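This document starts with one chain, in the form solved without the DNA, laid out as structure tokens.
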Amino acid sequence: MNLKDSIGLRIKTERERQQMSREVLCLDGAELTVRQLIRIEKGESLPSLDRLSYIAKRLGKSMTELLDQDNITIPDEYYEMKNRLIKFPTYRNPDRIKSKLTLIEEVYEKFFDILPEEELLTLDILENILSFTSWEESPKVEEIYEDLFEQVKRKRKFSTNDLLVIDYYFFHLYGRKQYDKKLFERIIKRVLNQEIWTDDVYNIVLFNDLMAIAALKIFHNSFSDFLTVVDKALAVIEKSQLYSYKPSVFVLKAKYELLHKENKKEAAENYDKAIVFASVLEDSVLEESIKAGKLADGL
């Protein structure tokens, strides 16, 4: 018996004492789904502060009562390590990808017993995306993702964790000819409406979501709001000083000019801005990769 078992049993015992069904407790599932509540009551998942507060309100209990002497405090070292690994750029370098995956597993194992389901899923998302693991081969992660995405897709203000769930949604769309276009537009619009503050962790995750959006729009040949995506990516770069990512945004503007405007001159000029920027950064690997892209696009 661990922390998850003790809290889950307490919640289940009180829910059953009140003769309350899971469906009644969870209402429309916006804050807690039935499967999420089942996993909590079985001791498979720990409730986050937010889920625990919701459950206590529905049961007419205080969080203190539901906790008794149990302590769900997440050590600050967890967030320190999670933030460090989100700010750890791979640059598509396989050695750095492997190091980042090692960091993810380190934090996952060290804090497993004290993390709520949402945090563990966040780590599983990063591992699967970075290792290019098919979501179809990860069925337990997928079941948990499904309900978190049903909750995120109803929101208009996204936390860092929400943006990572959204990143895993974009991962489902990679290379997929068939997709729900109305859902994608809805998600796109809300991501573009997030405010950019001084949270570098948030901004990096937001930036990567914008790049995923841009890449899917090119793939689907759907360029509505594409310049909005470009402008928001540039604003994130400025707020968090993410200058090594700026050439990739100039390359996005080139694709827009080349594929949507069919303006080869302005596409070439945007490629040249990316190349000069990479060169001034003295990032030769990036510079040559962009020069190859310019030539491969016939410019």
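Start at 1 and count along the sequence shown; that's the residue number.
One more form of this protein exists, namely the form deposited with the DNA bound; it is left out here, but the text below deals with it.
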Proximity to the DNA in the deposited complex, single hit among 236, 32, 252, 274 (heavy atom within 4.5 Å): 32
259, 27, 63, 38: which sits within 4.5 Å of the DNA in the deposited complex by any heavy atom? 38
Using heavy atoms and a 4.5 Å limit, would one call residue 291 a contact residue for the DNA in the deposited complex? no
Contact flag, residue 45 vs the DNA in the deposited complex, heavy atom cut 4.5 Å: yes
At 4.5 Å between heavy atoms, is residue 232 in contact with the DNA in the deposited complex? no
Residue contact check: residue 58 to the DNA in the deposited complex, 4.5 Å heavy atom: no
Listed range touching the DNA, judged in the deposited complex by heavy atoms within 4.5 Å, from 47-55, 264-272, 242-250, 63-71: 47-55
